[PDB]
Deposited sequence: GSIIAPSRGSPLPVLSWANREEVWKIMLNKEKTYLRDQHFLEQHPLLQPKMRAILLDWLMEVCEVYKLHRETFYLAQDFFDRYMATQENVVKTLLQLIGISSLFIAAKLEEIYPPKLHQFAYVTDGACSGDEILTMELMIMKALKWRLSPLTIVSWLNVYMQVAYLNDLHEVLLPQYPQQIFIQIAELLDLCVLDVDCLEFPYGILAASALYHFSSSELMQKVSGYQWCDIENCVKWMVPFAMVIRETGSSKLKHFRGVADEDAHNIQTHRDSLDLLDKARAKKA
């Protein structure tokens, strides 16, 4: 996997950087992606997944959940669907909200309560169904719930760079990734490649290589695929970092936000 990839981690006092890096690299071997998994569900359409993930992001903003929580839910959803067949549109909300429930229980210190996850479904999902589904998902995933998400790769990269304002740069790159993740074709690229390509669109090949270890040849295809998405974001001006009551300013860039991404998605795919 990416034999041309170097190790960008600086020297670490608390661990052996070669071992830390190798563990991060091994995540791609356990956590798979299948950009064509929807072919296993003939009655579904890729736009249904964009709609579901966009709604989950908005749910995350309302409860001020972390970006990691949203991306864990995205990965759980995508890996779970690859293990299933013939799912229909009317069950996607339950699968999605249950994936978010699991993700929030993993990631947040004080996650919203189950009845809160049922509440946002506006009477379409009960708490008992969410409980049933979380177990279906976790068992189908063989309890492998620790992937290195797309957004965690952005934190790794931005931390290598650290070791205008980094927080604002972070949310602007995250917003491009949020748009790309709505298109199921993003799954053709390793999560690390997707994050490096978004960072490249807001920086340079030199910085991208320094913080991610990828050579230009490694991300060229992703970069070309990502071009329409980066262009629609660029034309709008990127969003601004926001403050969140109850969230420390130094953690504000890690809070999931939501904008009108479905329209942007249409303009990009055009």
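In sequence order, the deposited residues that have no C-alpha coordinates form the ranges 1-3, 167-175, 283-285.
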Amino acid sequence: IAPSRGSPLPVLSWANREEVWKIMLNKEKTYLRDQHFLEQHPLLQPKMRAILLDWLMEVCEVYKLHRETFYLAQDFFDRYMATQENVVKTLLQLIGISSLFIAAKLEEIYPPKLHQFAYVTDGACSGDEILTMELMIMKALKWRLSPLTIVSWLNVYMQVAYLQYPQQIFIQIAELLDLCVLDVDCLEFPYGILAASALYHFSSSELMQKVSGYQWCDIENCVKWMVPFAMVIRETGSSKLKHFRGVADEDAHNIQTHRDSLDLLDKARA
From here on, numbers count along this sequence of modelled residues.
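Between two forms, the rigid core is the largest collection of C-alphas that superpose within 1.5 Å.
Stretch 22-30 is the one, of 22-30 and 35-43, whose CA positions lie farther from the shown form in 6 other deposited structures of this protein once all structures are superposed by the rigid core. Farther from the shown form on average, by C-alpha root mean square after a core fit in 6 other deposited structures of this protein, is 154-162, of the stretches 154-162 and 135-143. Look at the mean CA B-factor for 32-40 and for 239-247 in the entry; the higher one is 239-247.
If you average the C-alpha B-factors over 114-122 and over 169-177, the higher value belongs to 114-122.
Across the residues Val184, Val151, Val88, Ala196, the deposited record lists the maximum Cα B factor for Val88. When the CA B factors of the chain's modelled residues are split into thirds, the value for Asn221 lands in the middle one. Remark: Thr257 belongs to the middle third of its chain, ranked by C-alpha B-factor as recorded.
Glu129: CA B factor lies in the highest third for its chain, per the PDB record. Annotation for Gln164: C-alpha temperature factor in the highest third relative to the rest of the modelled chain, per the entry. Per the PDB record, residue ranking by Cα B-factor puts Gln45 in the highest third of the chain.
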